[PDB]
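Visitor: So here's run-v8.txt, just compact mmCIF, C-alpha atoms and all ligand atoms:
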```
# COMPACT_ATOMS: atom_id res chain seq x y z
CA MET A 1 -0.24 -51.82 107.42
CA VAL A 2 -0.32 -48.08 108.35
CA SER A 3 2.70 -46.76 110.30
CA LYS A 4 2.37 -44.56 113.40
CA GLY A 5 4.25 -41.91 111.40
CA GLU A 6 1.73 -41.88 108.51
CA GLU A 7 -1.24 -41.78 110.93
CA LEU A 8 0.07 -38.60 112.59
CA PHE A 9 -0.48 -36.64 109.33
CA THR A 10 -3.99 -37.71 108.20
CA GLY A 11 -5.62 -34.43 109.41
CA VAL A 12 -4.57 -30.81 110.03
CA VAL A 13 -1.47 -30.63 112.24
CA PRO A 14 -0.27 -27.49 114.10
CA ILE A 15 3.28 -26.38 113.26
CA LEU A 16 5.81 -24.43 115.34
CA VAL A 17 9.13 -23.22 113.87
CA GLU A 18 11.98 -21.72 115.92
CA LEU A 19 15.20 -20.47 114.31
CA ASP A 20 18.31 -18.95 115.89
CA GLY A 21 20.61 -17.38 113.29
CA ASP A 22 23.99 -15.68 113.00
CA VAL A 23 25.10 -14.36 109.57
CA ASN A 24 28.44 -12.50 109.42
CA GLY A 25 28.04 -11.83 113.19
CA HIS A 26 24.47 -10.49 112.79
CA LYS A 27 22.39 -12.49 115.30
CA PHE A 28 18.65 -12.92 114.86
CA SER A 29 15.73 -15.15 115.77
CA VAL A 30 12.56 -16.17 113.92
CA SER A 31 9.40 -17.84 115.24
CA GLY A 32 6.73 -19.34 113.00
CA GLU A 33 3.29 -20.79 113.58
CA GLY A 34 0.78 -22.39 111.30
CA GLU A 35 -0.91 -25.54 110.09
CA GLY A 36 -0.09 -28.37 107.68
CA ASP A 37 -2.38 -30.80 105.88
CA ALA A 38 -0.22 -33.50 104.24
CA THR A 39 -3.24 -35.04 102.49
CA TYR A 40 -3.11 -31.95 100.20
CA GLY A 41 0.63 -31.18 100.64
CA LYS A 42 -0.47 -27.82 102.03
CA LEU A 43 1.29 -25.52 104.52
CA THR A 44 0.11 -22.12 105.80
CA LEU A 45 2.47 -20.26 108.17
CA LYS A 46 3.36 -16.82 109.51
CA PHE A 47 6.95 -16.07 110.59
CA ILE A 48 8.05 -13.18 112.80
CA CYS A 49 11.58 -11.86 113.35
CA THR A 50 11.57 -11.65 117.15
CA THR A 51 14.84 -9.64 117.35
CA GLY A 52 13.82 -6.64 115.17
CA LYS A 53 14.83 -6.28 111.51
CA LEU A 54 15.86 -9.48 109.76
CA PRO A 55 19.51 -8.99 108.57
CA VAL A 56 19.03 -11.24 105.48
CA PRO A 57 16.19 -11.45 102.92
CA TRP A 58 13.10 -13.45 103.93
CA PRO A 59 13.18 -15.43 100.65
CA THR A 60 16.66 -16.81 101.54
CA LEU A 61 15.21 -18.47 104.70
CA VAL A 62 12.15 -20.17 103.14
CA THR A 63 13.89 -23.51 102.44
CA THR A 64 15.33 -23.58 106.00
CA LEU A 65 12.04 -22.65 107.72
CA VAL A 67 8.97 -29.54 107.16
CA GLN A 68 9.05 -31.95 104.23
CA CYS A 69 7.00 -34.40 106.33
CA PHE A 70 3.97 -32.39 105.06
CA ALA A 71 4.60 -33.39 101.43
CA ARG A 72 1.78 -35.13 99.61
CA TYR A 73 3.17 -38.53 98.66
CA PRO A 74 0.92 -40.21 96.06
CA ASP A 75 -0.38 -43.56 97.34
CA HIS A 76 1.82 -45.47 94.82
CA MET A 77 4.89 -43.69 96.33
CA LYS A 78 4.00 -44.15 100.06
CA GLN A 79 6.90 -46.64 100.44
CA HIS A 80 9.36 -43.80 99.62
CA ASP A 81 8.21 -41.30 102.32
CA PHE A 82 11.23 -41.17 104.66
CA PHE A 83 10.04 -38.02 106.40
CA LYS A 84 6.79 -39.37 107.89
CA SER A 85 8.38 -42.79 108.58
CA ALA A 86 10.75 -41.14 111.09
CA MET A 87 7.87 -39.66 113.17
CA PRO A 88 7.07 -39.01 115.94
CA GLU A 89 10.70 -39.25 117.17
CA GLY A 90 11.73 -37.25 114.11
CA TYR A 91 14.77 -36.49 112.02
CA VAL A 92 17.77 -34.19 111.87
CA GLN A 93 17.97 -32.05 108.72
CA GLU A 94 21.32 -30.48 107.83
CA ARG A 95 22.17 -28.24 104.88
CA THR A 96 24.86 -26.16 103.32
CA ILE A 97 23.46 -23.45 101.05
CA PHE A 98 25.97 -21.76 98.72
CA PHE A 99 24.96 -18.34 97.40
CA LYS A 100 26.80 -17.91 94.06
CA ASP A 101 29.47 -15.17 94.27
CA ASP A 102 28.59 -14.63 97.95
CA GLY A 103 28.55 -16.44 101.32
CA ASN A 104 26.97 -19.67 102.57
CA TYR A 105 24.48 -20.81 105.22
CA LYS A 106 25.04 -23.95 107.30
CA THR A 107 21.90 -25.22 109.04
CA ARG A 108 21.01 -27.97 111.51
CA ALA A 109 17.40 -28.67 112.41
CA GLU A 110 15.43 -31.19 114.44
CA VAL A 111 11.94 -31.93 113.14
CA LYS A 112 9.79 -33.87 115.61
CA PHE A 113 6.49 -33.96 117.45
CA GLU A 114 6.16 -32.20 120.80
CA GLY A 115 2.78 -33.42 121.92
CA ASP A 116 0.38 -32.89 119.02
CA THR A 117 2.53 -30.09 117.46
CA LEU A 118 5.07 -30.66 114.70
CA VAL A 119 8.16 -28.61 115.65
CA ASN A 120 11.05 -27.50 113.45
CA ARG A 121 13.89 -26.15 115.64
CA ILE A 122 16.82 -24.73 113.65
CA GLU A 123 20.29 -23.27 114.15
CA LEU A 124 21.75 -21.33 111.21
CA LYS A 125 25.27 -19.96 110.72
CA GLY A 126 26.16 -17.73 107.75
CA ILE A 127 29.72 -16.72 106.74
CA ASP A 128 31.66 -15.00 103.93
CA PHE A 129 28.80 -12.67 102.89
CA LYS A 130 29.54 -9.36 101.15
CA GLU A 131 28.14 -6.47 103.23
CA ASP A 132 26.97 -4.72 100.02
CA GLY A 133 25.95 -7.99 98.28
CA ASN A 134 22.48 -9.23 97.38
CA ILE A 135 21.86 -10.93 100.76
CA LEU A 136 23.14 -8.47 103.38
CA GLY A 137 22.05 -5.60 101.06
CA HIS A 138 18.44 -6.89 100.82
CA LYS A 139 18.37 -6.81 96.99
CA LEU A 140 16.13 -9.85 96.35
CA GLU A 141 12.49 -9.87 95.22
CA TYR A 142 9.78 -10.99 97.63
CA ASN A 143 6.99 -12.99 95.90
CA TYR A 144 7.36 -16.65 94.92
CA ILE A 145 9.85 -19.49 95.37
CA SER A 146 9.49 -22.82 93.55
CA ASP A 147 11.71 -25.72 92.52
CA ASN A 148 12.19 -29.49 92.46
CA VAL A 149 14.05 -31.15 95.35
CA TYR A 150 15.90 -34.26 94.12
CA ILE A 151 16.01 -36.96 96.80
CA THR A 152 18.21 -40.05 97.02
CA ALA A 153 18.76 -42.61 99.78
CA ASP A 154 21.83 -42.52 102.01
CA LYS A 155 21.97 -46.18 103.11
CA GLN A 156 25.09 -45.65 105.26
CA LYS A 157 23.33 -43.03 107.46
CA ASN A 158 19.88 -44.74 107.35
CA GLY A 159 18.51 -41.56 105.76
CA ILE A 160 18.40 -39.39 102.65
CA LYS A 161 20.35 -36.75 100.79
CA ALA A 162 19.01 -34.06 98.55
CA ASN A 163 20.29 -31.44 96.20
CA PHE A 164 18.52 -28.54 94.52
CA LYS A 165 18.92 -24.97 93.28
CA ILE A 166 16.85 -21.89 94.14
CA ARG A 167 16.89 -18.97 91.72
CA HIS A 168 16.24 -15.72 93.63
CA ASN A 169 15.23 -12.80 91.37
CA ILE A 170 17.22 -9.63 92.07
CA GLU A 171 14.82 -6.65 92.39
CA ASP A 172 16.61 -4.37 89.90
CA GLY A 173 17.31 -7.26 87.43
CA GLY A 174 19.32 -10.51 87.35
CA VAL A 175 19.27 -13.81 89.27
CA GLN A 176 21.00 -14.92 92.49
CA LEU A 177 21.59 -18.69 92.66
CA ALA A 178 21.42 -20.64 95.96
CA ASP A 179 22.83 -24.19 95.62
CA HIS A 180 21.44 -26.48 98.37
CA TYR A 181 23.04 -29.67 99.74
CA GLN A 182 20.95 -31.62 102.24
CA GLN A 183 21.23 -34.62 104.57
CA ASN A 184 18.50 -36.10 106.80
CA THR A 185 19.06 -38.74 109.47
CA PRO A 186 16.50 -40.31 111.84
CA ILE A 187 16.60 -39.35 115.54
CA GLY A 188 15.23 -42.71 116.67
CA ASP A 189 16.52 -46.24 116.17
CA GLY A 190 13.30 -47.62 114.65
CA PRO A 191 12.65 -48.69 111.06
CA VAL A 192 12.45 -46.01 108.35
CA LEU A 193 11.65 -45.94 104.66
CA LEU A 194 14.71 -45.48 102.42
CA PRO A 195 13.43 -44.19 99.08
CA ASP A 196 14.25 -44.79 95.46
CA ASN A 197 15.30 -41.64 93.57
CA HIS A 198 12.44 -39.14 93.28
CA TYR A 199 11.65 -35.47 93.70
CA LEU A 200 9.45 -33.06 95.62
CA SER A 201 7.70 -30.44 93.51
CA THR A 202 7.55 -27.41 95.81
CA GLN A 203 5.84 -24.03 95.31
CA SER A 204 5.52 -21.19 97.83
CA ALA A 205 3.80 -17.79 97.76
CA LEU A 206 5.15 -15.03 100.05
CA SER A 207 2.90 -12.23 101.37
CA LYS A 208 2.50 -9.62 104.12
CA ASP A 209 -0.03 -9.09 106.90
CA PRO A 210 -1.07 -5.40 106.68
CA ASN A 211 -1.78 -5.24 110.46
CA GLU A 212 1.64 -6.66 111.39
CA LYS A 213 4.22 -4.01 112.40
CA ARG A 214 7.00 -6.56 113.14
CA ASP A 215 9.29 -7.81 110.36
CA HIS A 216 7.48 -10.91 109.14
CA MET A 217 6.59 -13.30 106.32
CA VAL A 218 3.29 -15.03 105.48
CA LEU A 219 3.77 -18.23 103.51
CA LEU A 220 1.46 -20.52 101.52
CA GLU A 221 3.19 -23.67 100.26
CA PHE A 222 2.35 -26.83 98.29
CA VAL A 223 4.70 -29.84 98.29
CA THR A 224 4.04 -32.95 96.19
CA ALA A 225 6.24 -35.99 95.58
CA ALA A 226 6.69 -37.15 91.98
CA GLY A 227 8.62 -39.78 89.99
CL CL A 301 12.93 -9.64 102.60
```
In structure tokens, write the structure found in this file.
Ligand SMILES: [Cl-]

Guide:
Amino acid sequence: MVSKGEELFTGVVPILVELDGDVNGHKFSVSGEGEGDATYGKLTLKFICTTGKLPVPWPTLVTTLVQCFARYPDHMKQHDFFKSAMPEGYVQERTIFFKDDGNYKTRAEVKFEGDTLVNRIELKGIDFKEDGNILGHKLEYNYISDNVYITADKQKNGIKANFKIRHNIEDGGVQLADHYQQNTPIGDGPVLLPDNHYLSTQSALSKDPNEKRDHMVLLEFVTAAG
């Protein structure tokens, strides 16, 4: 039997991302548009800071800015929580701790609005050093990849995840971002609660030479594995 959720992702699906952020009192907004093809675990998106200059580094927002587009191997289809929650969707919450610096707290709703998959996010950042690697824009812009370790949260009918991102500092060194994640379904319907597994995630960051606004072009591959 094929779920309504699974069926929604068999072709190319348009994506819309909307983020409202406040880090150390610096307010900003980001809009993103693109396409996802879950059959190949493939995402292509362009993000624009709609408020001017982004007050934090683009690479620090990649994880916040749609794990429903992961390629789940057929033998792991019973563990795909993210698609099982669709179209009504899920809430995704995180705390992201930047080592020796501040933290982000995020809350997002990921759901269909018509035929478009929407990720609407609120982000709050506190305790950042004004001359630190984040507010000082000292991180490299190129590539972000890691494994996302997923476990069921039976009590909340959802999942938890934890993972680390290593951001290269431009003049040398590494800035660690420790991620803690919880996802809960929006609807009351049945969902798939997975066994322990991970998502292998790789993203390439680029620029559009015709784009004068502060922006990020992203190519991403996400694949579930045992
Ligand atoms: Cl940046």

Visitor: If I take CA of residue 170 in chain A and CA of residue 120 in chain A, how far is one from the other in Å, to one decimal?

Guide: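 Separating CA of residue 170 in chain A from CA of residue 120 in chain A is a distance of 28.5 Å.
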
Visitor: Do you have, as a tab-separated table, the list of residues of chain A lying at most 7 Å from ligand CL 301 (chain A), each with its nearest atom pair and that distance in Å to one decimal, counting all atoms listed in the file and ordered by chain then number?

Guide:
```
residue	atom	partner	partner_atom	distance
A:56	CA	A:CL301	CL	6.9
A:57	CA	A:CL301	CL	3.7
A:58	CA	A:CL301	CL	4.0
A:59	CA	A:CL301	CL	6.1
A:138	CA	A:CL301	CL	6.4
A:142	CA	A:CL301	CL	6.0
```

Visitor: Between CA of residue 79 in chain A and CA of residue 202 in chain A, what is the distance, to one decimal in Å?

Guide: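 Here the two named atoms are 19.8 Å from each other.
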
Visitor: What does the structure give for the distance between CA of residue 217 in chain A and CA of residue 45 in chain A, in Å to one decimal?

Guide: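 For CA of residue 217 in chain A relative to CA of residue 45 in chain A, the distance reads 8.3 Å.
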
Visitor: Do you know which residues are at most 8 Å from range 207-210 of chain A counting all atoms listed in the file, after dropping those on the same chain fewer than 2 positions away, and could you put them as a tab-separated table (two decimals) with C-alpha atoms, keeping the file's coordinate frame?

Guide:
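Saved the output as around_30.tsv:
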```tsv
chain	number	residue	atom	x	y	z
A	142	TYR	CA	9.78	-10.99	97.63
A	143	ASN	CA	6.99	-12.99	95.90
A	205	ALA	CA	3.80	-17.79	97.76
A	212	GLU	CA	1.64	-6.66	111.39
A	213	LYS	CA	4.22	-4.01	112.40
A	216	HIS	CA	7.48	-10.91	109.14
A	217	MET	CA	6.59	-13.30	106.32
A	218	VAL	CA	3.29	-15.03	105.48
A	219	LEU	CA	3.77	-18.23	103.51
```

Visitor: Find the residue from A:220, A:30, A:1, A:193 that sits nearest to residue 158 in chain A; use all atoms listed in the file when measuring.

Guide: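 Closest to residue 158 in chain A of all the choices is A:193.
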
Visitor: Which of these, A:70, A:98, A:113, A:144, has the shortest distance to residue 224 in chain A once you count only C-alpha atoms?

Guide: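 Checking each candidate against residue 224 in chain A, we get A:70 as the closest.
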